[PDB]
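[1] Sequence below, structure please.
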Amino acid sequence: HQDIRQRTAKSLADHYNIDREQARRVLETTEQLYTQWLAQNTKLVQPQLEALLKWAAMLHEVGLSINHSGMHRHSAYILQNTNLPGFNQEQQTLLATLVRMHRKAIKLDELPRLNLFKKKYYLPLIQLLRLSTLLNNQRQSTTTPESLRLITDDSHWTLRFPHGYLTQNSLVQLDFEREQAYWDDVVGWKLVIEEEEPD
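    Residues are numbered from 1 along each chain as shown. Coordinates below:
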């Protein structure tokens, strides 16, 4: 399934001309946050969902050629409806769900029925993907924080940037304030934005 999925993802990447540099920077951020997240929520460890999050990071832009406006929905549409060797139906559905929910306003009432995957296990993975795709939205122009610390108590999350980073990257700060507002509309989610001390 590992190599089958790699083939499938590569076929999608080639067909849709996905920007691979952008997929890779998103995955890298996603993996760095995932490591920090996992240690703090060990009861939620789910390696199959971790794998699907990885493919969501790789494939989240597949819908870009349909439109940049609503891209998350268009990428999810393609991922839900294309034949995806190596993804069974519920994995396919969950993959599409991660992508559908990775930006703009979230509705928990649009959550799919899945026997295999409970929302306590995948909701935080949506939160990871939302942050990682957001941090990278300036693409090649992204200035990657030298450090990013994620502190969680369930779905109340604190992201701590390097000292001076937010002031220096103002569009990042504005994007993150918008995300906090989005989380203020989602039950159980709260996002706090912090800065390291000068030390």
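
[2] Show the contacting residues for the residue most central in space within the chain.
    Nearest to the geometric centre of the chain sits residue 129, at 1.0 Å (Cα atoms, centre = their mean). Applying Cβ atoms under 8 Å, 6 or more residues apart in numbering, we find residue 129 in contact with 30, 53, 56-57, 60, 98-99, 101-102. Every residue, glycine included, has its C-beta placed from N, CA and C.

[3] at 6 Å instead, please
    Residues near residue 129 by Cβ atoms under 6 Å, 6 or more residues apart in numbering: 56, 98, 102.

[4] likewise residue 75?
    Counted by Cβ under 6 Å, 6+ apart, residue 75 has contacts 60, 62-63, 99.

[5] And it, its phi and psi?
    Main-chain torsions, residue 75, degrees, to the nearest 10: phi -70, psi -40.

[6] which residue sits closest to it in space, ignoring its chain neighbours?
    Distances taken as Cβ to Cβ, 6 or more residues apart in numbering put residue 63 closest to residue 75, at 3.3 Å, once the chain neighbours are dropped.

[7] Over to residue 164?
    residue 195 (7.5 Å).

[8] ok, residues contacting the longest helix along the chain?
    Ranked by number of residues, the top helix in the chain under DSSP state H is helix 20-40. Helix 20-40 has contacts (Cβ under 6 Å, 6+ apart) with 57-58, 128, 132-133, 135-136, 139, 150, 152.

[9] if we can go back for a sec, can you pull the phi/psi pair for the residue nearest to the centre of the chain?
    Torsion angles, degrees, to the nearest 10, at residue 129: phi -60, psi -40.

[10] following the longest helix of the chain, which helix or strand comes up?
    helix 47-59 (DSSP states H and E).

[11] What angle do helix 20-40 and that next one make with each other?
    Here helix 47-59 runs at an angle of 150 degrees relative to helix 20-40 (axes from the mean of the first three to the mean of the last three Cα atoms, to 10 degrees).

[12] which residues are in contact with helix 47-59?
    Outside helix 47-59, the residues that reach it (Cβ under 6 Å, 6+ apart) are 9, 23, 26-27, 30, 94-95, 98-99, 121-122, 125, 129.

[13] And the strands in this protein, which stretches?
    149-153, 156-161, 190-195 (DSSP state E).

[14] Can you tell me which of those is packed in deepest?
    strand 156-161 (a mean of 19; mean count of other Cβ atoms under 10 Å).

[15] How far away from the center of its chain is that one?
    15 Å (Cα atoms, centre = their mean, to the nearest Å).

[16] which other helices and strands contact that strand?
    Secondary-structure packing of strand 156-161 (3 or more Cβ pairs under 6 Å, 6 or more residues apart in numbering; DSSP states H and E): strand 149-153, strand 190-195.
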